[PDB]
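A single chain comes next, written as structure tokens; it is the form deposited in one PDB entry.
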């Protein structure tokens, strides 16, 4: 070097650039040159590091300690930074069609492509100087069990201590991962809240963010993820949606595996027979509650492998094996109670970070549906940091408030949840929020029909992103926000699985926990009662003659579902299938797939469309 090169050793306040693998050092120093942090902190993942970082944020007023619990914390964000923003989430490729199919008219509903040229301009308008006056934290993280050959390692640079703390829970993080990495490749992840000091704009709720310039970008051809302006975990915990769904789904297509928005659970019957199941439901549509359900049926047991992301690959014996690449649960808080999700309540009692929930005056947490009466005199601070009472018009917790909690604390975490070879999946469940028309459970007729059922998924909008109201949206495979490449090609890749050597193709089901009667009341109580539906699925996988053929697939025979203790359920409305509803449903799906998937729609999916239309027509 003729001066100091890109040597940023003088600014390192933890660790050493010298001890980094060469390529990690280059990534760090290149982005230090660009972003101009004051300091560089190389994370070690230690308890000491964690506790001190938390106590620092506390003194600053960035987070509060929840004094009622063992090592739990509460962050309240700027109300502009509360969920994913799909319209600001983009994938960069040379050709648009590699990222999304070209629709018959208008822009794709299956992702958002940005050209290399446009992204360069966007990047230059955001990143230079962005970390001035701040610390750049270097987070070495593993997606998958540490030192597993299945794992994928990343390095996330961020100026947000909230992100460091959340990454420690949600991934395997620290020096151990650098030691496991060695001179290997890693996913390059760059994050900034986009508020260099001195602040050009007023800071809201001590929550640094830049809503106007928020942009969550993926550059799969450069193995980079670059996210600006948002601290919300879906936008800032780059291992999770960005890497483990978007980047990984494209790698998966190329390499013969699958990366999916699915829980993985193990279920054991009263005879001690155990099976694993995967389930894809859209954001805020029930995965975490199923994955750690407490079954109401006696003698059944559920165990949790993962609640959100599954990586799956057929082995040589033909088993579809699944691993959970995450290390924690980043779960929707509202609705969570001892009644609905007791295993989550137990998990989150210690070492948990909450975002955008309410705080009680004795230092506990509160949210809609927590179903815990407070002692007279105890008062509530809403997520907006204002005094709140139960009869107030607005909720005390944001609808997308979250807990972020170690998976190892789940009282029913599966013994094999960190096994590198993964667990053998025998059933795949699809489903979402449909208040009308769609019955409690049905079973696909074949693998190709089941891929069609995944493709045809529709679900009421939730608060997990920017969609408002109760519009029923397409959300194929619960992947609409997450495809890393062209969805037509994704469908072809799923179809191609039918030919894996020795393949033991999982049975495919579709569920609906959310059908309502004419008064808006849920027809099905859900939560632990969903064990009744899992029982039926389990018997179907065992080959039990417990099903009746219908135009949409198989449903339970009369008396097949165990409804003991649920004698008030209206089985007729709940399982009702209307020709008029389904004729309209099939035409809507046909228009969506042909318009949005277009030249890239596989023949087999169009054939399943035709077949469903025909069976409905014979009603």
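Numbering follows the first chain given and starts at 1. Rigid core: the largest C-alpha set superposing within 1.5 Å between the two forms.
As recorded in the PDB entry, 176 to 184 is the stretch of 176 to 184 and 527 to 535 with the greater mean C-alpha temperature factor. Comparing 464 to 472 with 111 to 119, the stretch with the higher mean C-alpha B-factor in the PDB entry is 464 to 472. When the Cα B-factors of 307, 372, 156, 224 are read from the PDB record, 372 comes out highest. The entry lists a Cα temperature factor for residue 324 that places it in the lowest third of the chain's modelled residues. In the PDB entry, residue 236 places in the lowest third of its chain by CA B-factor. When the CA B factors of the chain's modelled residues are split into thirds, the value for residue 386 lands in the highest one. Residue 399 sits in the lowest third of its chain by CA B factor, as recorded in the PDB entry.
In this PDB entry, residue 80 carries a Cα temperature factor that places it within the highest third of its chain's modelled residues.
Missing here is the form deposited in another entry; even so, the following discussion is about that form.
For the residues 128, 147, 411, 256, superposed on the rigid core between this form and the one not shown, a C-alpha shift of 2 angstroms or more shows up only at 147. The rigid-core alignment places the CA of residue 273 less than 2 Å apart between this form and the one not shown.
Core-superposed comparison between this form and the one not shown: the CA of residue 516 exceeds or equals a 2 Å shift.
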